[PDB]
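Novice: Before I ask anything, here is the structure I am working with.
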């Protein structure tokens with residue numbers, strides 16, 4: 001019911017047709033759900049009010065509480081197919097500096113991993129993406145990290161000389 | 001380095017990966033044996049539709065009277081005219 | 001709500017990194033404006049700006065048969081809006097993304113949401 | 001049980017959420033799988049079976065090591081590493097690949 | 001049931017290279033290699049040299065559907081620049097326009 | 001010159017629409033995009049299959065109605081929604097309209113595994129751009 005005029009003028013007059021125009025259809029189309037309907041949908045979505053902890057931002061205390069930082073996203077798919085080979089992303093970005101409980105494992109972990117171990121903040125991000133899923137990938141990564149820590153607790157005999 | 005080689009061997013024994021080092025020319029063979037080779041790309045069998053089942057579906061739709069085949073019908077008419085003039 | 005009230009512990013979500021991708025400027029602007037409005041209605045402090053654009057102008061000629069002294073390209077005025085939500089829960093973000101995808105802009109204005117969990121180590 | 005089946009059909013036809021509205025058609029679409037499992041979490045498919053976080057990598061034992069005297073064991077280890085680094089495979093697929101490789105190599 | 005013929009040739013070659021997967025897979029993986037024994041390498045060489053045409057995995061040339069043109073083609077749209085330009089001229093593509101910078 | 005989609009002046013009251021009167025250097029300037037599909041996107045991939053599906057759907061919908069589609073469609077992919085905006089013209093009776101619309105909708109919904117639906121262009125005036 002909105003006779004909106006759409007079209008480029010000819011010379012010195014008024015845009016073209018009145019009702020449905022080709023341009024109007026070419027628009028991504030957002031006529032549905034007006035601000036009133038938007039407020040209605042927002043009042044409907046008002047549910048789900050889960051609390052969140054105030055662990056102080058700055059990317060410091062958040063990692064101190066839990067050093068691991070897994071990424072479990074949910075991209076949007078295209079076309080009529082939902083199979084989107086993109087939900088398997090996973091990285092075990094655990095802050096080793098937050099741990100800080102390595103007596104002799106400092107000389108072991110520095111060598112047991114190549115492209116890791118920084119200077120300011122130890123970002124132990126062992127990209128563990130071997131299995132064809134995400135949650136079990138993270139589980140296997142945590143298990144491997146625990147096994148490595150348990151093995152480093154009793155360092156070898158020739159690990160001192162480097 | 002000898003120490004680096006021994007450390008890598010120990011890690012592989014613990015982690016469960018390749019132990020001793022060697023030429024890096026094995027990655028290509030590993031990829032060609034396990035990963036995709038060359039002809040099985042994502043845009044090969046799908047690069048061109050067989051157009052057999054699709055052609056049969058279009059023919060069935062035309063028979064049902066809910067489709068249009070302008071180029072095909074025109075070519076058939078031209079072929080009929082040529083045959084009448086032929087041969 | 002009507003989602004089977006449970007009593008088990010939830011996953012600790014953090015930072016809902018989003019990144020819109022498209023071509024048309026007005027469509028991306030409308031999408032980001034609607035997203036910011038919905039976020040403000042939900043009550044989540046966030047920031048918005050414009051990261052560098054990514055345009056890989058492919059190569060092609062201006063004619064079809066034979067022409068080289070007069071060439072042309074087909075670029076795009078694409079834009080990006082990182083509508084990232086800093087620290088929030090997973091269920092609320094999931095419901096928000098559901099409401100968004102229930103009527104997302106066709107083609108252009110495609111979001112790439114990304115979360116960052118935590119959980120306990122061992 | 002003719003009347004029983006008749007009543008069952010009547011129930012399935014009436015009691016079941018009919019159309020008569022747009023929201024009802026949307027619900028029917030969501031139930032019949034016409035609409036994606038919103039939110040598009042990419043979970044409705046692309047599972048590639050399970051791994052139990054200890055099946056795809058642990059391949060040390062499952063190797064069938066030829067008498068350690070050449071690079072065949074090293075090549076098999078490299079193949080296992082490449083398979084573990086590829087998240088587009090399963091347990092059965094990797095097992096069959098390793099078996100066929102070992103066969104075609106040391107059939108004799 | 002194609003109209004032209006080059007499209008059918010490409011289809012046949014690609015499908016023959018895809019079907020015989022294991023053979024060409026092993027051949028390409030074992031032929032050119034400096035490690036491992038040469039017995040299997042020579043076996044693969046003889047296999048690829050004795051087999052007939054319509055099977056070798058080296059039959060991949062990007063072409064379009066509207067014209068079946070091999071010159072100037074991209075894998076992004078599986079069509080040539082001419083088809084892309086023809087579709088852009090009709091305003092049937094989003095984001096495509098003149099190089100306004 | 002360049003007649004990619006334009007029509008130079010000739011008479012005055014000749015037939016012409018929006019798509020049948022535009023220059024190649026005005027694809028996105030004075031003219032819009034008749035296909036806001038999820039194909040030619042960046043940095044997102046997947047464009048070949050999307051364009052193929054769009055062309056197939058457009059050709060099928062043009063072949064459906066006999067002699068009633070002057071301009072192409074405007075496909076819209078809202079995730080799992082296929083919205084069609086065809087430039088249909090009042091042909092005959094509404095019974096046939098509804099029958100064909102429902103048949104096509106059911107067929108496409110059962111084939112593409114995605115809900116499909118169209119809407120006629122009941123307007124007593126085309127989108128004429130240039131008077132020509």
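Novice: Along Cα→Cβ, 7 Å out, is where each label goes; now give me the distance between the ones at residue A:119 and residue A:8 in nm to one decimal.
Specialist: Taking the simple label geometry, residue A:119 and residue A:8 are separated by 5.8 nm.
Novice: Other chains' Cβ within 10 Å of B:3-12 residues: what's the mean?
Specialist: Numbers: counts 5, 2, 0, 2, 7, 3, 0, 6, 5, 3.
Across B:3-12, the average partner-chain Cβ count within 10 Å equals 3.
Novice: Please tell me the relative contact order of chain A in percent, rounded to the nearest whole number, where contacts are Cα pairs under 8 Å and at least six residues apart.
Specialist: Values: 145 pairs, mean separation 25.8, N = 162.
Once normalised by length, the contact order is 16 percent.
Novice: Also: For chain F, just say rounded, prolate or oblate: build the C-alpha gyration tensor, square-root its eigenvalues into a ≥ b ≥ c, call rounded for a/c under 1.5, and beyond that prolate if a/b exceeds b/c, oblate if not.
Specialist: Numbers: a/c = 2.71, a/b = 1.21, b/c = 2.24.
Note, shape of chain F comes out oblate.
Novice: Still on this structure: Be a star and scan region A:84-109 for residues whose amide nitrogen sits under 14 Å from the point 7 Å along the Cα-to-Cβ vector of residue A:60.
Specialist: A:98
Novice: For chain A, take the alpha-carbon Rg, divide it by the Kirkwood Rh, and send me Rg/Rh.
Specialist: Numbers: Rg = 27.7 Å, Rh = 21.9 Å.
Rg/Rh: 1.27.
Novice: For region D:44-108 and region E:36-101, write down the distance between their C-alpha centroids in whole Å.
Specialist: Result: 33 Å between the Cα centres.
Novice: Counting other beta carbons within 10 Å of each residue's own, what order do A:155, F:51 fall into, fewest first?
Specialist: A:155, F:51
Novice: Right, here's the next one. Return the FRET efficiency for the residue pair residue A:37, residue E:71: r is the Cβ-Cβ distance, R0 is 56 Å, and the value is rounded to the nearest 0.05. Before the final figure, lay out the partial values.
Specialist: Details: r = 52 Å, r/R0 = 0.93.
In this case the efficiency is close to 0.60.
Novice: Assuming 0.36 nm per residue, please report the length gained on full extension of the stretch residue A:127 to residue A:86 beyond their Cα-Cα distance. Show your work: numbers first, answer last.
Specialist: Details: separation 41, 0.36 × 41 = 14.76 nm, distance 1.53 nm.
The span from residue A:127 to residue A:86 would gain 13.2 nm if fully extended.
Novice: Now for a separate question. Calculate the length of the line joining the C-alpha centroid of region C:79-95 to that of region A:44-123, in whole Å.
Specialist: Each part's Cα centre sits 16 Å from the other's.
Novice: What angle do you read, to the nearest 10 degrees and between 0 and 90, between the alpha-carbon axis of helix B:2-15 and the longest principal axis of chain B?
Specialist: The angle comes out at about 60 degrees.
Novice: Average the reciprocal distances over every distinct pair of alpha-carbons in chain D, invert the result, and give the Kirkwood radius in Å. Write out the running numbers ahead of the final one.
Specialist: Working: mean 1/r = 0.0523 Å⁻¹.
Its Kirkwood hydrodynamic radius stands at 19.1 Å.
Novice: Moving on to the next point. Please report, for the Cα atoms of the protein assembly as shown, the Rg to one decimal and the Dmax as a whole number; what are they, in angstrom?
Specialist: Spelled out, the Cα radius of gyration and Dmax of the protein assembly as shown are 30.5, 98 Å.
Novice: If I model a spin label at residue C:40 and residue B:76 as a point 7 Å from the Cα along the Cα→Cβ vector, what separation in nanometres do I get?
Specialist: Reported label-point gap for residue C:40 and residue B:76 is 6.3 nm.
Novice: Report, to the nearest 10°, how far helix E:39-50 tilts away from the longest principal axis of the Cα atoms in chain E, using its own Cα long axis and a range of 0 to 90°.
Specialist: Rounded to the nearest ten degrees, it is 60.
Novice: Hey, with R₀ at 45 Å, roughly what FRET efficiency would residue C:86 and residue E:18 work out to, going by the Cβ-Cβ distance, to 0.05? Intermediate values should be presented prior to the final figure.
Specialist: Numbers: r = 48 Å, r/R0 = 1.06.
After rounding to 0.05, the efficiency reads 0.40.
Novice: Over all Cα pairs of chain C, how is the pair count split among 5 Å bins, expressed in % and running from 0 up to the last occupied bin?
Specialist: The distribution over chain C is 2, 9, 16, 17, 14, 11, 9, 7, 5, 4, 3, 2, 1, 1, 0, given as percents.
Novice: What is the extension gain from residue C:26 to residue C:54, computed as 0.36 nm multiplied by their sequence separation minus the C-alpha to C-alpha distance, in nm to one decimal? Walk me through the intermediate numbers first.
Specialist: Values: separation 28, 0.36 × 28 = 10.08 nm, distance 1.75 nm.
Extra length available between residue C:26 and residue C:54 comes to 8.3 nm.
Novice: Can you compute the helix-only [θ] at 222 nm over the protein assembly as shown? Use -39500 (n - 2.57) per DSSP H run of at least 4 residues, normalise by all residues, nearest 500 deg cm²/dmol.
Specialist: On the way: 22 runs with 264 residues, N = 712.
Here the helix-only value at 222 nm equals -11500 deg cm²/dmol.
Novice: Next question, about the same structure. Tell me, what is the FRET efficiency for residue C:77 and residue E:60 to the nearest 0.05, using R0 = 30 angstrom and their Cβ-Cβ distance as r?
Specialist: Working: r = 34 Å, r/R0 = 1.14.
The formula returns an efficiency of 0.30 here.
Novice: How do C:53, E:31, E:78, E:6 rank when sorted from fewest to most other Cβ atoms within 10 Å of their own Cβ? Walk me through the intermediate numbers first.
Specialist: Values: C:53 11, E:31 17, E:78 21, E:6 14.
Arranged by neighbour count, lowest to highest, C:53, E:31, E:78, E:6 become C:53, E:6, E:31, E:78.
Novice: Something else: Can you sort F:116, A:10 so the residue with the fewest Cβ neighbours within 10 Å comes first? List each step's numbers first, then the result.
Specialist: Numbers: F:116 21, A:10 13.
Final ranking by Cβ density, sparse to dense: A:10, F:116.
Novice: Is region A:3-53 rounded, prolate or oblate when judged by the Cα gyration tensor, a ≥ b ≥ c being the square roots of its eigenvalues, rounded requiring a/c under 1.5 and prolate requiring a/b larger than b/c? Mind showing how you got there, number by number?
Specialist: Values: a/c = 4.59, a/b = 3.73, b/c = 1.23.
Because a/c hits 1.5 or more and a/b exceeds b/c, region A:3-53 counts as prolate.
Novice: For Cα pairs less than 8 Å apart in space and 6+ apart in sequence, what is the mean separation divided by the residue count of region E:1-91, i.e. the relative contact order in percent?
Specialist: Numbers: 78 pairs, mean separation 21.9, N = 91.
Relative contact order of region E:1-91: 24 percent.
Novice: Okay, next question. Let me confirm one metric for peptide A:152-162, namely the mean number of other chain beta-carbon atoms within 10 Å of its residues' beta-carbons.
Specialist: Details: counts 0, 0, 0, 0, 3, 0, 4, 3, 0, 1, 4.
Partner Cβ neighbours, averaged per residue: 1.
Novice: Across the residues of A:41-54, average count of Cβ atoms on other protein chains within 10 Å?
Specialist: Details: counts 5, 5, 1, 1, 8, 3, 6, 10, 6, 8, 1, 8, 4, 1.
For this peptide, the per-residue mean of nearby foreign Cβ atoms is 5.
Novice: Taking Cα atoms, how many degrees apart are the long axis of helix C:90-101 and the longest axis of chain C, rounded to 10 and kept between 0 and 90?
Specialist: 40 degrees
Novice: A further question on this structure: If you scale each eigenvalue of the Cα gyration tensor by 5 and take the root, what three semi-axes come out for region E:1-91, rounded to whole angstrom and sorted largest first? Intermediate values should be presented prior to the final figure.
Specialist: Numbers: eigenvalues 260, 44, 14 Å².
Square roots of five times the eigenvalues give 36, 15, 8 Å.
Novice: Would you kindly give the portion of the calculated P(r) for chain B that falls above 16 Å, as a percent of all Cα pairs? Mind dumping the intermediate values first?
Specialist: Working: 2877 of 3741 pairs.
Counting pairs separated by more than 16 Å, the tail of P(r) holds 77 percent.
In this analysis, Cβ positions are derived from the backbone assuming ideal geometry, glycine residues included, and neighbour counts consider all displayed protein chains. All of the numbers you see were taken from the coordinates with simple rules; none came from a lab.
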